[PDB]
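Which chain is which? The protein sequence lines are J, H, I, E, A, C, L, X, B and F, in order.
Using the deposited numbering, the first residue of the first sequence is number 1, and each one after it goes up by one.
Using the deposited numbering, the first residue of the second sequence is number 101, and each one after it goes up by one.
Using the deposited numbering, the first residue of the third sequence is number 73, and each one after it goes up by one.
Using the deposited numbering, the first residue of the fourth sequence is number 79, and each one after it goes up by one.
Using the deposited numbering, the first residue of the fifth sequence is number 109, and each one after it goes up by one.
Using the deposited numbering, the first residue of the sixth sequence is number 2, and each one after it goes up by one.
If you use the deposited numbering, the seventh sequence corresponds to residues 127 to 202, 222 to 251, in order.
Using the deposited numbering, the first residue of the eighth sequence is number 1, and each one after it goes up by one.
Using the deposited numbering, the first residue of the ninth sequence is number 4, and each one after it goes up by one.
Using the deposited numbering, the first residue of the tenth sequence is number 63, and each one after it goes up by one.
Think of the CB as a built atom: it goes at the ideal place given N, C-alpha and C, for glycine as much as any other residue.
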Amino acid sequence: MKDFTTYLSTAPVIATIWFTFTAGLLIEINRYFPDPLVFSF
Amino acid sequence: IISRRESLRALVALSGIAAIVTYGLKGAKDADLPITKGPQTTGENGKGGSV
Amino acid sequence: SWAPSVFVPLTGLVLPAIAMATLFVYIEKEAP
Amino acid sequence: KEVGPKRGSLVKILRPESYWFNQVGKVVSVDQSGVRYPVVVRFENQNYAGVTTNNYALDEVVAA
Amino acid sequence: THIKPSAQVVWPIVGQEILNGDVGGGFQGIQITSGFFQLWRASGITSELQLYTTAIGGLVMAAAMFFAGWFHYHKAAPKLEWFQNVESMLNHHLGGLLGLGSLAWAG
Amino acid sequence: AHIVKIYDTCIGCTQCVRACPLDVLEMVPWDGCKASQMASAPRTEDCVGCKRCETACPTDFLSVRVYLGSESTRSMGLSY
Amino acid sequence: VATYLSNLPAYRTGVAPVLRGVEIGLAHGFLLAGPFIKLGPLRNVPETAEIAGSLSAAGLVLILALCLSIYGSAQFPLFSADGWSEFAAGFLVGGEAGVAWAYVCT
Amino acid sequence: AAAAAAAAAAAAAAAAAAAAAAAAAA
Amino acid sequence: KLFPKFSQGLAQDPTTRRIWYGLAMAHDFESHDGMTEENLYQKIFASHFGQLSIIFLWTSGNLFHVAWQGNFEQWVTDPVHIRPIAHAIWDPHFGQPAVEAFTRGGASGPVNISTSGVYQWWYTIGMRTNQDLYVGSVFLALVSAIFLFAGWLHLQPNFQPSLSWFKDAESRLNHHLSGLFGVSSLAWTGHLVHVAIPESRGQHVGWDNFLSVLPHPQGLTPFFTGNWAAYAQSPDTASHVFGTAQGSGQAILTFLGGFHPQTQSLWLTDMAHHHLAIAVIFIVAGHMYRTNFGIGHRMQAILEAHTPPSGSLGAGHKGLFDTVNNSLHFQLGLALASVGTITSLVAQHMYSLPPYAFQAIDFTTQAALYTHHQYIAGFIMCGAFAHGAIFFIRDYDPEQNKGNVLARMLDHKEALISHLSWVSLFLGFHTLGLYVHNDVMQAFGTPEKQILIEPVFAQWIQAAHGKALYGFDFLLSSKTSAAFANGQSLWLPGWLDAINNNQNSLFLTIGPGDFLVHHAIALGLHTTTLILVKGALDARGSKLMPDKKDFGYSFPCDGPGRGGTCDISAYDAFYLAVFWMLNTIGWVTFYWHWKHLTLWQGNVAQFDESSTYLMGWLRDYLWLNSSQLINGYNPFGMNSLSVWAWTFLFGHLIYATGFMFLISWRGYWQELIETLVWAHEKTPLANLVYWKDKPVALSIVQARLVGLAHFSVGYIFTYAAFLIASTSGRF
Amino acid sequence: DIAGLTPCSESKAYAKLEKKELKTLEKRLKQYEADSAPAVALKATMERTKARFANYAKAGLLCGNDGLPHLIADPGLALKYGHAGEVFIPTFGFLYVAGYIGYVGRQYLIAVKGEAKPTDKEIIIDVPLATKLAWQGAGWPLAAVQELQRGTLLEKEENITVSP
Ligand code: CLA
Ligand code: CLA
Ligand code: CLA
Ligand code: CLA
Ligand SMILES: CC1=C(/C=C/C(C)=C/C=C/C(C)=C/C=C/C=C(C)/C=C/C=C(C)/C=C/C2=C(C)CCCC2(C)C)C(C)(C)CCC1
Ligand code: SF4
């Protein structure tokens with residue numbers, strides 16, 4: 001499955017994994033921090 | 101009357117003369133051109149709403 | 073007073089038709 | 079003697095109208111005759127026609 | 109007559125839960141327009157159990173179709189003169205697909 | 002009459018002549034290359050300027066070169 | 127039809143161009159008056175419906191007669226500098242006659 | 001037609017000078 | 004065969020593009036057959052008489068149709084409620100409801116309401132009667148015939164100028180600064196002080212009694228003695244009535260600032276001291292350059308000697324003079340750059356400082372006069388870069404320009420274009436991204452989550468000019484500052500009363516809707532220059548095509564080779580910018596009009612709520628204000644807006660016809676014409692007819708121009724229909 | 063009150079618009095039973111809404127004529143009046159992450175050119191290499207300004223030109 005991990009390491013597959021990472025990170029933050037218009041403390 | 105080119109060029113141009121110089125006065129039909137009528141009822145109001 | 077019913081069919085029907093014609097016959101002259 | 083650089087040296091192109099101006103490639107062969115443009119250079123950078131090689135003269139071509 | 113058809117519900121995160129309108133029927137969601145609820149009353153579904161069992165029947169059928177393209181390309185793929193039997197294809201597609209399909213749906 | 006002028010960066014691979022759809026180009030002897038040949042355009046009266054020659058030249062900053070000049074009835078590609 | 131095209135005056139070579147333009151003039155004479163006399167700006171005036179529409183249609187014949195002579199000075222036994230000038234002359238005289246022939250046919 | 005004929009009689013002398021300009025330039 | 008008398012290479016063209024290119028490169032004098040440089044300058048010089056004789060015939064046409072078909076003598080007495088008249092209508096295609104719906108303004112027949120606003124300009128320069136307007140029309144019609152005859156005579160071989168007469172940049176720039184700018188403005192203050200000042204005070208100064216009326220009651224005695232403040236003793240009061248003597252005043256050169264109280268225009272007296280002051284400076288600046296008398300400055304020693312040390316600017320400006328004096332496209336490109344910016348400066352300074360009486364009360368006049376001189380400024384500014392790009396091909400000489408500042412422009416030319424491409428990309432990301440952020444927050448019902456950045460850097464400037472709405476108390480809002488206290492008798496109290504009035508366009512109050520749109524204007528300015536400066540710099544070549552200078556400025560392409568070179572020329576790099584120009588001037592005029600609609604209606608909060616997000620641009624400015632426009636004609640009836648309703652659909656039609664020449668390109672069409680040629684050559688009885696010029700499809704460069712023209716005409720006619728009818732529909 | 067403004071805890075059109083939104087939510091809430099999840103969702107929307115207004119007034123956001131939180135993007139008017147969290151804190155909270163993505167993407171391209179064929183490893187991202195540069199690029203301004211001092215950041219006039 002080394003050839004299968006090359007496919008997982010191509011350009012659009014890493015793009016669609018990292019964008020689910022980065023959106024999915026910002027979605028969970030914007031759940032547990034509702035509406036951050038301004039940097040509070 | 102006309103049979104050559106330059107005779108026909110004169111007759112078309114003179115027939116364009118004879119229609120248009122009459123069309124301004126005698127040829128403006130009562131039903132065709134409402135601009136060649138009299139001043140009717142109203143219209144001379146402001147542009148509406150505000151200024 | 074009779075001007076705007078005469079000069080407008082000149083410039084708009086007649087004088088352009090002369091310019092439709094003379095500026096067309098000039099186009100396809102065979103150059104000597 | 080053998081004019082031009084060696085068979086496989088790195089080189090820098092100085093032809094200002096070439097696509098690889100100020101750019102580094104490998105000489106592949108230098109033709110030893112009275113040809114105007116003997117020095118054949120291969121590149122990794124392909125041009126807008128996909129052609130990775132060109133002939134250059136002796137003077138448009140500088141080492142390293 | 110009064111309850112608007114709705115089958116898409118969004119997640120309440122950035123204020124996008126306002127897209128869950130008051131579609132009626134004790135329910136909030138995007139009012140759909142693709143008319144599946146009119147298929148399903150025409151199919152006489154009447155329960156969300158029937159929709160769930162034919163959704164599992166859809167996942168099963170999709171993996172069967174992915175198997176079939178895998179099988180009929182990688183494992184056992186047809187020859188050229190199989191495809192060039194256009195008499196046999198039209199006899200099967202007019203009779204079996206279109207004919208027996210509308211016999212089965214009438215049933 | 003388009004202006005086709007070729008240059009000394011020609012290598013004589015005659016791909017421009019084979020690509021010319023109007024026989025504008027032909028191959029003349031010339032000692033400045035290994036193939037001993039350089040193109041020539043004796044028939045630019047017939048050229049349309051469709052530039053299939055300089056799509057085909059391998060040399061960087063194309064050796065053949067077409068300058069779109071004044072168009073006659075043969076340069077506009079007319080059956081009429 | 128090879129029979130019918132040898133009848134109508136565009137292809138009658140054995141006719142003088144004056145009579146050629148005269149028959150073409152009247153044929154387009156009492157015909158293009160039709161749309162002006164029926165559905166121009168004066169449909170609903172039952173006295174000017176035949177007057178101004180025919181007078182406008184005679185103006186259109188005057189435009190087409192100039193439009194023919196413009197072609198003869200542009201382009202150059223009709224295809225000549227003289228045979229066309231006799232052709233456009235017969236179209237003007239034949240066309241004005243046919244438009245008056247349209248108003249007669251009331 | 002006072003200022004019409006006076007401008008026309010001025011345009012007569014203006015055209016006569018134009019006949020001087022149409023010759024003395026070439 | 005005969006029509007392109009200038010290009011014999013077009014005279015040998017048997018096709019129908021002979022007609023199209025006989026028209027379009029007829030004024031490209033540098034490429035005509037047998038043209039020499041002495042023959043070049045003489046045809047340009049006579050053509051400038053041709054432009055001048057058209058302008059004065061045009062202006063004498065405006066003076067005639069106002070004097071004959073207009074109501075200027077009726078508009079003088081009541082300049083608020085009586086609407087102006089441009090020229091009466093004779094369209095015999097009209098119907099009777101379309102006669103009586105266009106009779107307005109108290110006139111007899113149908114009329115057009117003049118939105119150009121030449122009444123307000125004429126009423127404040129002293130015109131009162133129609134007999135004063137016919138005299139001005141007959142005067143300019145004489146002067147237009149002078150410039151027609153002058154352009155004829157300055158081509159005649161006795162009167163043809165020498166080649167060195169044109170290159171005398173010393174003597175022209177010495178005469179045009181001092182005479183054409185100074186003496187002209189000195190003479191215009193002569194028209195103001197003698198005529199236009201006392202005409203507002205109710206005193207007829209005509210040609211009969213101008214040698215009898217003293218302009219000032221102790222005239223020419225302060226000028227010869229020295230007490231020039233005697234000319235500003237009793238000015239027009241704060242209760243002056245324009246056109247009468249009621250509270251008149253007697254000063255001729257007052258320096259007040261701010262506005263007249265009735266007209267809300269500039270004072271006539273400081274407009275007299277204005278054009279007097281710059282007349283003195285232009286005459287003094289008109290004695291700078293060394294022509295023939297041993298004194299003055301040589302242009303050949305000011306450019307070349309300003310070279311900074313340590314190689315800051317290469318070889319300095321060394322050698323530019325022979326590339327400005329000999330090149331015309333450099334001179335034309337500078338002139339279109341200068342005029343195109345002082346065309347905006349006309350537009351930016353006439354809504355805020357309206358110079359003519361009862362302007363900024365006539366609202367459609369204000370809308371037309373701003374939008375006109377912004378698109379006129381937009382086209383002139385992109386032509387500066389166009390003829391700047393023609394300079395690098397036709398006129399640039401690198402051997403003449405070794406190392407000057409002009410060649411260092413071409414040297415670091417990628418640093419210019421990539422830093423423009425960063426600024427344009429940063430602005431477009433972060434202006435659109437803020438509007439989309441605001442639009443989503445409007446869509447989710449929560450306007451509080453918007454990004455509303457207050458325009459601090461401009462409100463700081465307005466407070467520094469004297470706007471105490473924001474309370475920065477900085478310079479002129481600061482009452483204990485220096486600049487406030489150095490001018491309380493000089494020029495400030497008129498100016499400070501005029502800003503803090505909330506109902507004029509002098510330094511409008513701004514909020515975050517104005518933050519976003521100035522950055523959008525900045526986007527549109529930086530991107531339009533990105534396209535144009537790239538069109539100038541890469542006019543001589545790129546890595547894709549290193550001999551672009553060999554083809555010329557306006558060529559179609561360089562073939563499909565090298566990946567494909569659609570739109571590679573600097574002409575094709577100029578034309579893309581006209582789209583981004585009309586976009587940009589579309590953004591400045593949407594923002595001008597809609598902030599002024601909400602100002603003039605009174606709902607000044609209806610802008611600031613809705614301008615922060617792009618739906619409010621759509622559903623509150625385009626949707627809401629086009630209500631009475633599109634109702635210009637309906638099956639119920641029609642009104643005075645139907646000529647602007649018809650044009651509004653006429654503008655959409657030319658616009659979309661422009662996409663036909665832009666999306667469809669040439670070669671679909673050339674094959675379609677080849678079927679039409681067949682169907683013409685085989686049709687019986689139409690074979691009598693045959694063409695002379697062979698029908699070919701419009702060329703590639705032509706299709707750009709014809710499509711851009713249909714794009715631009717339909718763009719202009721659409722917005723001008725919306726601008727005039729949305730303003731005058733409710734006003 | 064900096065530039066004609068007012069605190070949102072002090073303005074009234076802000077509180078009027080808060081009461082405008084909670085009015086719209088409650089007249090939407092009335093159609094459902096108090097146990098129903100279409101009403102549990104709307105009351106959870108309100109408590110996200112009412113806390114949002116409480117938190118904007120807590121931070122001292124500036125309202126104006128329209129009662130909306132206005133931002134002040136100038137240091138010296140945000141540092142002086144306590145508003146660096148509006149723009150001046152996220153203008154460096156961004157530019158940390160921005161140049162981070164730039165530096166990681168830079169170091170991945172620099173460390174791929176010394177290979178056999180580097181175009182293959184722009185399709186097939188070397189994940190053990192790319193994640194290694196991803197973690198260790200967390201001190202990228204500390205590494206960039208050291209590279210800025212050498213002359214190794216800016217490549218010289220080996221760069222490609224047309225006709226200078
Ligand atoms: C009566 C028998 C029969 C039936 C029912 C079908 C049915 C179908 N054929 Mg078909 N075919 C047949 C005989 C048959 N074929 C024969 C004899 C040949 C050789 C000449 C072909 C050659 C052929 C080609 C070359 C193609 C098809 C395609 C299709 C599909 C059309 C797509 C569509 O409209 O969706 C209708 C969808 C459905 C009705 C869903 C139900 C699907 C059923 C379960 C599968 C079809 C029944 C199957 C043929 C019976 C064998 C079962 C299998 C386990 C062995 C459809 C599934 C096209 C296609 O989609 O390729 C996959 C296509 O490209 N057929
Ligand atoms: C003092 C003597 C003098 C004067 C008055 C002029 C005057 C003129 N020359 Mg000239 N010339 C002179 C000496 C002089 N020349 C000499 C000695 C030479 C040889 C070295 C030349 C060589 C020369 C050439 C080669 C050309 C001219 C041209 C012109 C004309 C300029 C075009 C124009 O009208 O724009 C004038 C522009 C303005 C008035 C606007 C700018 C003013 C301000 C800054 C703009 C904003 C304020 C604005 C006025 C407000 C408007 C309000 C209201 C009017 C709407 C103008 C008639 C050109 C021309 O048209 O040919 C006849 C031309 O091609 N000249
Ligand atoms: C001071 C003003 C000025 C002057 C003297 C020139 C002079 C020149 N320009 Mg330039 N230009 C200018 C301003 C100026 N330009 C501006 C403001 C722009 C930007 C819009 C340009 C953009 C420009 C380009 C891109 C090019 C030139 C070119 C030329 C040269 C050829 C002239 C030509 O093609 O005319 C002929 C002009 C026409 C036939 C007009 C074409 C049609 C236009 C768009 C008008 C259409 C209006 C439409 C019909 C409106 C009616 C609508 C209807 C419904 C009412 C000549 C040296 C060309 C050149 O030098 O080639 C190397 C060239 O390529 N110019
Ligand atoms: C509405 C139409 C439109 C838009 C958006 C643009 C946008 C742009 N043009 Mg322009 N252009 C247009 C019409 C338009 N143009 C037309 C009609 C012409 C005439 C042909 C031109 C001619 C033209 C030229 C000649 C030039 C430009 C340039 C630019 C760029 C300016 C820099 C900028 O603002 O970047 C900001 C860009 C955006 C905000 C758009 C991006 C949208 C988002 C942010 C992307 C991500 C969203 C999402 C995730 C993507 C979804 C896809 C997928 C996942 C489903 C930008 C891409 C210049 C350029 O390249 O400058 C760098 C340049 O030289 N354009
Ligand atoms: C391409 C090219 C070209 C063109 C160019 C252009 C087009 C330009 C433009 C330019 C421009 C368009 C510029 C502008 C400028 C401006 C400026 C530079 C400004 C400044 C300002 C100022 C300085 C101000 C000041 C002030 C203030 C602050 C306010 C108040 C007042 C005062 C004065 C104090 C040419 C042709 C040459 C050729 C070559 C190349
Ligand atoms: S130009 Fe067109 S025709 Fe002439 S050679 Fe090149 S390709 Fe063949």
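Is there at least one non-hydrogen atom of ligand 8 closer than 7 Å to the beta-carbon of B/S174?
Inclusion of ligand 8 in the displayed structure is not the case, the ligand content consisting of ligand 1, ligand 2, ligand 3, ligand 4, ligand 5 and ligand 6 alone.
Proximity below 8 Å, CB of B/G538 to CB of B/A573
For the purposes of this step, residue 538 of chain B is identified with residue 535 of the ninth sequence, where counting begins at 1. For the purposes of this step, residue 573 of chain B is identified with residue 570 of the ninth sequence, where counting begins at 1. It is a contact, given that the beta carbons lie within the stated cut-off.
How big is the Cα-Cα spacing for B/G129 and B/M618?
Position 126 of the ninth sequence, counted from the start, is the residue given in the question as residue 129 of chain B. Position 615 of the ninth sequence, counted from the start, is the residue given in the question as residue 618 of chain B. In a straight line, the C-alpha of B/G129 is about 47 Å away from that of B/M618.
Three-state secondary structure (DSSP) at E/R120?
Position 42 of the fourth sequence holds residue 120 of chain E. In this structure, E/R120 counts as strand in the three-state DSSP scheme.
Among B/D273, B/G336, B/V79, B/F227, whose alpha-carbon lies nearest the alpha-carbon of B/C385?
For this step, residue 385 of chain B is matched to residue 382 along the ninth sequence. The shortest C-alpha separation from B/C385 is found at B/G336.
Would you kindly work out how many angstroms separate the C-alpha atoms of B/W595 and B/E451, rounded to a whole number?
As a position in the ninth sequence, residue 595 of chain B is number 592, starting the count at 1. As a position in the ninth sequence, residue 451 of chain B is number 448, starting the count at 1. Roughly 26 Å separates the two Cα atoms.
Counting only beta-carbon separations shorter than 8 Å, does H/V112 have a partner in chain B?
One-based indexing of the second sequence puts residue 112 of chain H at position 12. So no, H/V112 is outside the interface.
Measure the Cβ-Cβ separation of H/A128 and I/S77 and say whether it is below 8 Å.
For the purposes of this step, residue 128 of chain H is taken as the residue at position 28 of the second sequence. For the purposes of this step, residue 77 of chain I is taken as the residue at position 5 of the third sequence. Going by beta carbons, H/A128 and I/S77 fall inside the 8 Å limit.
List, in order along the chain, the chain E residues whose C-beta lies closer than 7 Å to that of B/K416?
As a working mapping, residue 416 of chain B is identified with position 413 in the ninth sequence. What B/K416 touches in chain E: nothing, since even the nearest Cβ is about 14 Å away.
Within 7 Å: the Cβ of B/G391 and any heavy atom of ligand 5?
Reading the ninth sequence from its first residue, position 388 is the one you call residue 391 of chain B. For B/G391, the CB falls within less than 7 Å of some heavy atom of ligand 5.
So, is the C-beta of F/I163 closer than 8 Å to a C-beta in chain E?
What you label residue 163 of chain F is simply residue 101 of the tenth sequence in a count that begins at 1. Chain E contact via Cβ: absent.
Using a Cβ-Cβ distance under 8 Å, would I/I90 count as near chain B?
As a first step, residue 90 of chain I must be located in the third sequence, where it is residue number 18. Taking Cβ atoms only, chain B never reaches closer than 8 Å to I/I90, which makes this a no.
Are the CB atoms of C/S37 and C/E27 nearer to each other than 8 Å?
Here residue 37 of chain C refers to the residue found at position 36 of the sixth sequence. Here residue 27 of chain C refers to the residue found at position 26 of the sixth sequence. Contact: no.
Using a Cβ-Cβ distance cut-off of 8 Å, determine whether C/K6 contacts chain E.
Start at 1 with the first residue of the sixth sequence, and residue 6 of chain C comes out as number 5. C/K6 is outside the set of residues whose beta carbon lies under 8 Å from a beta carbon in chain E.
Check each candidate in A/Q158, A/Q139, A/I140, A/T141 and name the one with the smallest Cα separation from A/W148.
Working through the fifth sequence from its first residue, we reach residue 148 of chain A at position 40. When each option's Cα is compared against that of A/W148, the closest is A/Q158.
Less than 7 Å between the CB of B/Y574 and some heavy atom of ligand 3, yes or no?
Here residue 574 of chain B refers to the residue found at position 571 of the ninth sequence. Yes.
Evaluate the contact criterion for the stretch 96 to 107 of chain E versus the stretch 24 to 34 of chain B: three or more CB pairs, one atom per stretch, below 8 Å.
no
Return the residue from the list H/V151, H/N145, H/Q140, H/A118 that minimises the CA-CA distance to residue 2 of chain B.
There is no way to answer for residue 2 of chain B, as the model of chain B reaches only from 4 to 734.
In chain order, what residues of the same chain have a beta carbon less than 6 Å from the beta carbon of B/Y624, not counting five sequence neighbours either side?
For the purposes of this step, residue 624 of chain B is taken as residue 621 along the ninth sequence, with counting starting at 1. Same-chain partners within the cutoff: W597.
I believe B/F226 touches B/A389 by the beta-carbon criterion, under 8 Å. Please report the beta-carbon distance rounded to the nearest angstrom.
Position 223 of the ninth sequence, counted from the first residue, corresponds to residue 226 of chain B. Position 386 of the ninth sequence, counted from the first residue, corresponds to residue 389 of chain B. B/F226 to B/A389, Cβ: 48 Å. No contact.
Tell me whether B/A501 is buried or exposed, calling it buried when 16 or more other Cβ atoms sit within 10 Å of its Cβ.
For the purposes of this step, residue 501 of chain B is identified with residue 498 of the ninth sequence, where counting begins at 1. Counting Cβ neighbours within 10 Å, B/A501 comes out buried, since at least 16 surround it.
Which chain F residues sit within Cβ distance under 7 Å of E/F99?
For this step, residue 99 of chain E is matched to residue 21 along the fourth sequence. Those are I222, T223, listed as they occur along chain F.
Please list, following the chain, all residues that have a C-beta closer than 6 Å to any non-hydrogen atom of ligand 5.
B/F333, B/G336, B/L337, B/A340, B/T344, B/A387, B/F388, B/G391, B/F394, B/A539
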